[PDB]
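This document starts with one chain, in the form deposited in one PDB entry, laid out as structure tokens.
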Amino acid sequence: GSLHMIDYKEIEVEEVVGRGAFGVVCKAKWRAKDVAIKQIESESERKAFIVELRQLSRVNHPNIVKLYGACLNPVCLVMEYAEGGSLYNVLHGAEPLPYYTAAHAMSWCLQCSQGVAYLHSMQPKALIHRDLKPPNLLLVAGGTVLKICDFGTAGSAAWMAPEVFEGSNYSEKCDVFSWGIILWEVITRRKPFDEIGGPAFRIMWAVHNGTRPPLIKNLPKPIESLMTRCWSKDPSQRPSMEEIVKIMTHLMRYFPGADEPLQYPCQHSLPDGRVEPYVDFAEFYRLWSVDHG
């Protein structure tokens, strides 16, 4: 990992794009390249700054946002920027919402699993993301490429494995838990545990007591098994990210069309115990029976 020392005085700051898990983030120019700059808000995030910087220096992967360097005066991170938006916004955010397909859904989760598998394989110690959730996953290239962001950690109750907020010892399997919640979220286009709401502790209570998102009607059993094993209480029962990536990869053959940009408009009604999926599985069943006949 080789980061550039960058001189802030050759950075042309533009509009604020949003504020991450920590910090504020702004679009900008630098050497005539569009970039995103992340500045410490109040120096209460100077822990979370030196954290994100130290680990992001090591990492180089297509599905993780590439750090270009940092500045000393003032102290700020400099990341690649591209047109797009958070997975969160795409799923749930400002109308009109874009239409997406099962393929988009499965591709988003495969690409997340790829980026996290990379992190878990880091030597000599695994990087645990530990704040995986749709607000920290960026969609780019017409909503087709997903990039992981926001490593400040090293709002999240809904995605968070029970053992992490139990105060316990936890491992890279905390991520696998989050991954599964997310898989459920892209399939359903619903916010996990939104019906519960309250404040955070009501969700924590619920999950700690074994509550999980509801099962999905008509969901292919192979997807149902992956998802619910990701959600197991016992972290040793959850699959490795490498297993996931292999399973998702093999699954994609029944989900052509990941590479279509999000271009079509959608207005979707939002209806319990077994929810309907937002994406459609009919084509998957068709393709599956074709291969298995």
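In this text, rigid core is short for the largest set of C-alphas that superpose within 1.5 Å between two forms. For every residue, the number given is its place in the sequence shown, counted from 1.
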Next item on the list: Tell whether, across the other compared PDB entries, at least a third have no coordinates for residue 152.
Entry: yes
Next item on the list: Determine, among the other compared PDB entries that model residues flanking residue 45, whether at least a third leave it unmodelled.
Entry: yes
Check: Count of coordinate-less deposited residues separating residue 271 and residue 272, as none, 1 to 3, 4 to 9, or 10 or more?
Finding: 1 to 3
Next item on the list: Classify the number of deposited-sequence residues missing from the model between residue 154 and residue 155: none, 1 to 3, 4 to 9, or 10 or more.
Entry: 10 or more
Next item on the list: Return whichever of 217 to 225 and 195 to 203 has the greater mean Cα B factor according to the PDB record.
Entry: 195 to 203
Next item on the list: Taking the mean of the C-alpha B-factors per stretch from the entry, tell me the winner out of 111 to 119 and 79 to 87.
Entry: 79 to 87
Checklist line | 41, 260, 243, 234, ranked by C-alpha B-factor: the highest one | finding: 41
Check: From 147, 173, 129, 125, can you pick the one with the highest C-alpha B factor in the entry?
Finding: 125
Check: Can you tell me which third, lowest, middle or highest, the CA B-factor of residue 73 falls into for its chain?
Finding: highest
Next item on the list: Among all modelled residues of this chain, ranked by Cα B factor, put residue 275 in the bottom, middle or top third, i.e. lowest, middle or highest.
Entry: middle
Next item on the list: Rank-wise, by C-alpha B-factor, drop residue 167 into the lowest, middle or highest third of its chain.
Entry: highest
Margin query: When the deposited Cα B-factors of this chain's modelled residues are ordered and cut into thirds, is residue 139 in the lowest, the middle or the highest one?
Written below: lowest
Note to self: What third of the chain does residue 287 rank in for C-alpha temperature factor, lowest, middle or highest?
What the structure shows: lowest
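What comes next is about the form deposited in another entry, which does not appear here.
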Check: If you fit the rigid core between the shown form and the other one, which of 245, 226, 51, 59 ends up with a C-alpha shift of 2 Å or more?
Finding: 51
